[PDB]
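Given next, in structure tokens, is a single chain: the form deposited in one PDB entry.
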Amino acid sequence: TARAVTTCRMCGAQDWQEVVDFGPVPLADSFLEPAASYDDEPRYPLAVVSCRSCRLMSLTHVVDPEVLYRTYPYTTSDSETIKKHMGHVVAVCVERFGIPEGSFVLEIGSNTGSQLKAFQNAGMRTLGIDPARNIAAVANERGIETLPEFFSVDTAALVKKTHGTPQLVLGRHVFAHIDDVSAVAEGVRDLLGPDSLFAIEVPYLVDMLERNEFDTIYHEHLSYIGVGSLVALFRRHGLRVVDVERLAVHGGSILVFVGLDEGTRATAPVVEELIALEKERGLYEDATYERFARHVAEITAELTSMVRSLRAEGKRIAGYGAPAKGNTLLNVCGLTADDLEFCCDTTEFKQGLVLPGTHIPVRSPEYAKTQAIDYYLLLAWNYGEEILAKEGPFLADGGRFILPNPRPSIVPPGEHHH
């Protein structure tokens, strides 16, 4: 069902270093209705390779995008963390590049349309592109125009014809989800005018390696990206990386701005600073990735033993959150419903379902509060600050959290952190 990678998406070479292999794993966003057996549950090979030319890190395989995205889970809410970051994206894009009010912003992977809504509140014209039909119907209903398609060279031409030249094209946590990134670059090139920008937000490979964030490896995530590999791609499509901002969101990310090579946007010094930093931290050396793989085996082992040791002492453990990355973590660690009795999640879509592979039940936060849990394994650790800030009562009662990265730890710690 899932097609194997041959050549590299970004630079086109074929010199792959193997880094880690988790074997066959079910899809992280395929939540299941509870049942007696789960024998026909699909699994796909989940393994990562590193390109020695440009140092894109890629999965060995590409699960069909039609299967992944045509019906996708979503929330109707949005946390305060998410809202604030979306406001920040607007501020950066508009203030750093002087985008006037009334300008046109096109967003790829626009989802329910809240990021575009933010742009509209700042006086912009918008349009979204997202293949999730269920989610696009919601955006459209709310008043956020969204084409229910994948982004392509042809869709790009349709947009230009009917909607004109965008001053900004935005893709947040979608660029790493697309196999044919050459085609994205080409459709972008055709959309961009002389001063237009293409901006993408993706998890940063430097942070992913240094903080041992192996749970962000899942089938939707085809690519794990540094600035180097983006320059290698965009070189070959008349595009130039002109600016980068590092961000704490999603365990360390980069928001990368790209313009036409012959356009009016000058390259800022930070671009080369980050490429020099990637060298200096060893992204172009085989040892670094063997070290990453070493860390993964070590963290995986001590996380399971910590959990099983506390259960042997008669402590009750649950998962806090049921995000996609939590399902990589739990499957790789081999944890079952005997290890975690449930995972609480605020998404109603997920409540009453069961997780892929491990089949742990997903329950509401209001059920979770009735139960005497001793430890929550914090699966949604990227929202650690927002979560801990509202869990005073649990913490005051002696409840604890287990954080999986950079190394497994226990919150609260034994002394004031300073």
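Rigid core: the largest C-alpha set superposing within 1.5 Å between the two forms. One rule holds for the numbers: they count along the sequence shown, beginning at 1.
Here the subject shifts to the form solved in complex with a small molecule, a form of this protein not shown in this document.
Relative to the small molecule in the bound PDB entry, residues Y72, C344 and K350 are all within 4.5 Å by at least one heavy atom. When the small molecule is considered in the bound PDB entry, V63 lies well away from it, no heavy atom lying within 4.5 Å. Of the heavy atoms in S79, some are within 4.5 Å of the small molecule in the bound PDB entry. Within 4.5 Å of some heavy atom of the small molecule in the bound PDB entry lies at least one heavy atom of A380. Taking the partner from the other structure, the small molecule in the bound PDB entry has no heavy atom within 4.5 Å of any heavy atom of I373.
Checked against the small molecule in the bound PDB entry, the residues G259, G187, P323, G226 give one hit for a heavy atom within 4.5 Å, which is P323. Think of it this way: in the bound PDB entry, the small molecule has a heavy atom of just one of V49, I387, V354, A368 within 4.5 Å, and the residue is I387. Of the candidate stretches 334-342, 282-290, 235-243, 313-321, only 313-321 contains residues with a heavy atom within 4.5 Å of the small molecule in the bound PDB entry.
For the listed set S77, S305, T155, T346, the sole C-alpha moving 2 Å or more between this form and the one not shown on a rigid core superposition is that of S77.
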